[PDB]
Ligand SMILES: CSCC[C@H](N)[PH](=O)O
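Consider the single chain below, provided in structure tokens and representing the form solved without the named molecule.
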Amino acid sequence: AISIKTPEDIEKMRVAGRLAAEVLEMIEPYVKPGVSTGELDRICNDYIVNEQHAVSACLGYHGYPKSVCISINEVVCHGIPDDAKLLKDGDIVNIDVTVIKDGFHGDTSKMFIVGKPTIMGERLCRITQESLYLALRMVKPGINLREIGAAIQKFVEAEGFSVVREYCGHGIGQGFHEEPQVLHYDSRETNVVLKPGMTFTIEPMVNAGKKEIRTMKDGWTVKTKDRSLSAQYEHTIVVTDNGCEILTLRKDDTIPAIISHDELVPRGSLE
């Protein structure tokens, strides 16, 4: 029930994913102490609309009140931009952007560390991206989604962090949320063999502390039950013939848009 994208479909997500990454590349310079998250949200939206002539898939979604999600520190996800929420020195902040372009979505997010980073702030951010890269490196047809969550978890835990279990990455495309569910941890429940053309997200949410979270009153914002810091990075990718292509790659990523596996690349018949 997982949709297989069409070359044309794919070019579209590429455009979409590219637009999503640019929002993140653009926001960067405004992410600094004293900046309110409402303003960041503003910039983002203005950007999506006016310059990219696209639309935030988040804006008003099922009621969601802001253009992008800006989760600070113990906020795991769905953090709601608010003009009263100023960024502080040492904060860690996720900005989650989802853009719709020509009917296709581009979904990604990254962590920003404001001012002087904190030991743990820095480490979790690093570790979290790594868990994302790590999964990225394994994306390839024939692999089971389950081996990936497994890998993420293993890594994360070995690094002394936790993986939130309640929220996942997912198929995406014409629809914001599509199958499959992309768990960032092990699950006997998980059974998804990757096929080329599949487009989905990977967006491991990592707690410096315990994995338990708490959903807030507002119905959106998620936080760590123990109040430890939480970090997330996400990429939207397409499964290729031999690996994956990262649709939301940013200048600052240090992973290649295109990941291929030797064993899968085209080769002579006897090679």
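Numbers follow the displayed sequence, beginning with 1.
Form deposited with the named molecule bound: not shown, discussed below.
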{"item": "Open or blocked, the named molecule overlaid from its pose in the deposited bound form onto this form, 2.4 Å backbone/C-beta test", "value": "open"}
{"item": "One residue of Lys85, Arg123, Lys101, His78 in contact with the named molecule, assessed in the deposited bound form (non-hydrogen atom, 4.5 angstroms)", "value": "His78"}
{"item": "Contact residue in the deposited bound form, from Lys195, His177, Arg137, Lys154 (heavy atom within 4.5 Å of the named molecule)", "value": "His177"}
{"item": "Partner-proximal stretch of 22 to 30, 59 to 67, 241 to 249, 41 to 49 relative to the named molecule in the deposited bound form, 4.5 angstroms, heavy atom", "value": "59 to 67"}
{"item": "4.5 Å heavy atom contact, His170 to the named molecule in the deposited bound form", "value": "yes"}
{"item": "In the deposited bound form, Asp91 touching the named molecule (heavy atom, 4.5 Å)", "value": "no"}
{"item": "Contact test in the deposited bound form: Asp96 vs the named molecule, heavy atoms, 4.5 Å", "value": "yes"}
{"item": "Contacts with the named molecule in the deposited bound form - residues in 220 to 247 whose heavy atoms fall within 4.5 Å", "value": "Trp220, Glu234"}
